[PDB]
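Only one structure is covered here, and it is reproduced in the block below.
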Amino acid sequence: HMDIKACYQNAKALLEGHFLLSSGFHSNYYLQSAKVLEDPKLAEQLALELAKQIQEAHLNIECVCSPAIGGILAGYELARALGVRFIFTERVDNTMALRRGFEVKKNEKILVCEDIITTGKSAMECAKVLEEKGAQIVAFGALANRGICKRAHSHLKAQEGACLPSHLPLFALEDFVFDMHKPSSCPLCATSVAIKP
Ligand SMILES: [Zn+2]
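Okay, so the sequence shown: first residue is 272 according to this note's numbering, each after it adds one.
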């Protein structure tokens with residue numbers, strides 16, 4: 272229904288250039304999700320669209336959790352759209368932890384939401400914190416997917432670097448598949464220097 276790519280493009284959330292990503296791969300694009308989430312009206316509309324997919328799955332989500340900082344707004348709007356509670360994990364002494372008095376009930380059905388899933392590494396660190404507290408991780412969610420992890424309802428395949436488990440669904444609005452080059456085989460490196468975004 273919502274034109275996802277046009278939303279991100281109009282918001283100037285799509286940076287074109289030469290970037291060294293967290294996976295070690297070089298790309299001609301980078302996504303700045305904060306440029307979309309800056310607008311609560313856009314964030315709500317995207318979260319309502321995401322919730323439709325989640326509800327079709329009948330997973331009985333009781334709580335949405337996000338790893339701080341970037342995943343916070345997306346997960347929070349998703350929790351509002353689902354009519355459930357929202358909690359977040361944060362890095363304390365360089366390790367993911369659940370603070371702020373947030374508590375998890377034993378076997379609480381939690382969806383781990385991010386603003387964007389690249390490798391799914393931060394989402395996995397968040398899920399491990401919750402599982403150790405007795406929670407059941409039933410799904411992963413994101414507004415945008417980088418085509419590294421496979422999302423539900425897509426004909427794309429999971430790639431090298433994917434960290435999310437194969438037995439749990441990932442729900443995302445769209446796949447933002449960019450050129451991914453190995454650093455020793457990057458065509459952009461011939462013309463410019465790759466910078467960390
Ligand atoms: Zn390069």
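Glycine included, C-beta positions come from ideal geometry on N, C-alpha and C.
- With a threshold of 16 other beta carbon atoms within 10 Å, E315 falls short and is exposed.
- Shortest Cα-Cα distance from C384 to any of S455, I325 and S425 involves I325.
- Counting the other CB atoms within 10 Å of its CB gives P440 a total of 16 or more, which places it among the buried residues.
- Annotation note: the stretch 337–378 contains the following uninterrupted alpha helix (DSSP H) runs of length 4 or greater, listed N- to C-terminal: 343–353.
- With contacts defined by Cβ atoms closer than 8 Å, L459 and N299 form a contacting pair.
- If you ignore the 5 residues before and after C434, its C-beta comes within less than 6 Å of the C-beta of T390, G391, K392 and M395, all in its own chain and listed in chain order.
- Check the Cα spacing between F449 and each of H272, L286 and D274: the tightest is with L286.
- Within the stretch 386–436, the complete beta strand (DSSP E) segments at least 3 residues long are 407–416, listed from N- to C-terminus.
- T360 counts as buried, since at least 16 other C-beta atoms from the protein chains shown sit within 10 angstroms of its C-beta.
- Here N416 is buried: its Cβ has 16 or more other Cβ atoms, across all protein chains shown, within 10 Å.
- The Cβ neighbour count for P338, taken over all protein chains shown within 10 Å, is at least 16; the residue is labelled buried.
- A Cβ-Cβ contact shorter than 8 Å links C334 with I358.
- The straight-line gap separating the alpha-carbon atoms of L427 and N378 is approximately 32 Å.
- Short note on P454: C-beta closer than 7 Å to some heavy atom of ligand 1.
- Going by DSSP, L313 is part of the alpha helix (DSSP H) stretching over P311 to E327.
- In the structure shown, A465 falls within a coil segment according to DSSP collapsed to helix, strand and coil.
- Around the beta carbon of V375, 16 or more other beta carbons lie within 10 angstroms, which makes this residue buried.
- Taking C-beta atoms under 8 Å as the contact rule, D386 and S294 fail to qualify, at a distance of about 17 Å.
- Within 10 angstroms of the beta-carbon of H297 lie 16 or more other beta-carbons, which makes it buried.
- By the CB criterion at 8 Å, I275 and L401 fall outside the cutoff.
- Residue burial annotation: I466 is exposed, with fewer than 16 other C-beta atoms found within 10 angstroms of its C-beta.
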